[PDB]
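Peer 1: First, the structure itself, so that you have it in front of you.
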Amino acid sequence: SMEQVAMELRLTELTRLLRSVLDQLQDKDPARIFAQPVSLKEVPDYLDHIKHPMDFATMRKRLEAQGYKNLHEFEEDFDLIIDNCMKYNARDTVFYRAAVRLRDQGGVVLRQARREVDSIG
């Protein structure tokens, strides 16, 4: 149908907007602490701690399959990256500190993304 196409155009455009958001969030991680999944070869116990692992490469796969239906789903995944890190790693670690800084800096980007998503529909 013509509606299904219109719908698909909106999703594609949401995907366009979320790709730019993702690139902006990922620039706030210059050390690439969050770029890839935590290695289960190197942290064999990780899944005993963290039930829903997340990382920027895994988000990108979902993104490019147009697997985010709305900003809320995308934010859920970004918050998992931060929240998983802040649980697994102690406060006095480079990892925890990197998550705090990503959260703080990402807030600004996510704030405007919400306005853009509501605004453009």
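Labeling convention for the structure tokens: chains A, B, ... as they appear, residues from 1 per chain, ligands from 1 in order of appearance.
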Compile a residue-level contact table for region 8-32 of chain A against region 76-82 of chain A at a cut-off of 12 Å, reporting for every qualifying residue the shortest atom pair and its distance in Å to one decimal, with only C-alpha atoms counted, rows ordered by chain and ascending number, as JSON lines.
Peer 2:
```
{"residue": "A:18", "atom": "CA", "partner": "A:78", "partner_atom": "CA", "distance": 11.6}
{"residue": "A:21", "atom": "CA", "partner": "A:78", "partner_atom": "CA", "distance": 10.8}
{"residue": "A:22", "atom": "CA", "partner": "A:78", "partner_atom": "CA", "distance": 9.1}
{"residue": "A:25", "atom": "CA", "partner": "A:78", "partner_atom": "CA", "distance": 8.8}
{"residue": "A:26", "atom": "CA", "partner": "A:78", "partner_atom": "CA", "distance": 10.1}
{"residue": "A:29", "atom": "CA", "partner": "A:82", "partner_atom": "CA", "distance": 11.3}
```
Peer 1: Emit the selected residues as a PDB file, in the first residue's frame, including N, CA and C atoms.
Peer 2:
```pdb
ATOM      1  N   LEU A  18      18.538   8.926  13.959  1.00  0.00           N
ATOM      2  CA  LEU A  18      19.220   8.119  15.004  1.00  0.00           C
ATOM      3  C   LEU A  18      20.662   7.770  14.650  1.00  0.00           C
ATOM      4  N   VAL A  21      22.506  10.895  15.713  1.00  0.00           N
ATOM      5  CA  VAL A  21      22.525  10.838  17.198  1.00  0.00           C
ATOM      6  C   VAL A  21      23.573   9.821  17.653  1.00  0.00           C
ATOM      7  N   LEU A  22      23.605   8.660  17.026  1.00  0.00           N
ATOM      8  CA  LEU A  22      24.551   7.631  17.461  1.00  0.00           C
ATOM      9  C   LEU A  22      25.981   8.104  17.270  1.00  0.00           C
ATOM     10  N   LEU A  25      26.863  10.614  19.993  1.00  0.00           N
ATOM     11  CA  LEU A  25      27.069   9.953  21.315  1.00  0.00           C
ATOM     12  C   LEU A  25      28.413   9.232  21.356  1.00  0.00           C
ATOM     13  N   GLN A  26      28.698   8.524  20.289  1.00  0.00           N
ATOM     14  CA  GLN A  26      29.932   7.804  20.191  1.00  0.00           C
ATOM     15  C   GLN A  26      31.200   8.709  20.162  1.00  0.00           C
ATOM     16  N   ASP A  29      32.852   9.291  23.464  1.00  0.00           N
ATOM     17  CA  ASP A  29      33.594   8.121  23.988  1.00  0.00           C
ATOM     18  C   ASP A  29      34.900   8.010  23.189  1.00  0.00           C
TER      19      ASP A  29
END
```
Peer 1: Do you know which residues are at most 12 Å from residue 108 (chain A) counting only C-alpha atoms, after dropping those on the same chain fewer than 6 positions away, and could you put them as a PyMOL selection string?
Peer 2: chain A and resi 21+24-25+28+101-102+114-115
Peer 1: For residue 95 (chain A), please output as an NGL selection string all residues within 8 Å (counting only C-alpha atoms; exclusion window: fewer than 4 positions along the same chain).
Peer 2: :A and (33 or 85-86 or 89 or 99)
Peer 1: Take the residues that were just selected and, keeping C-alpha atoms, output them as a compact mmCIF listing (two decimals), in the first residue's frame.
Peer 2:
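selection-v7.txt written:
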```txt
# COMPACT_ATOMS: atom_id res chain seq x y z
CA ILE A 33 35.54 2.04 26.04
CA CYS A 85 29.21 -0.21 33.22
CA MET A 86 28.34 1.62 36.42
CA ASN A 89 32.88 -1.43 37.53
CA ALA A 99 30.30 6.08 31.68
```
Peer 1: Which one is closest to residue 23 (chain A): A:4, A:60, A:42, A:55? Count only C-alpha atoms.
Peer 2: A:60
Peer 1: Given the choices A:64, A:51, A:72, A:98, which gets closest to residue 30 (chain A) if the distance is worked out from only C-alpha atoms?
Peer 2: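 Closest residue, counting only C-alpha atoms: A:98.
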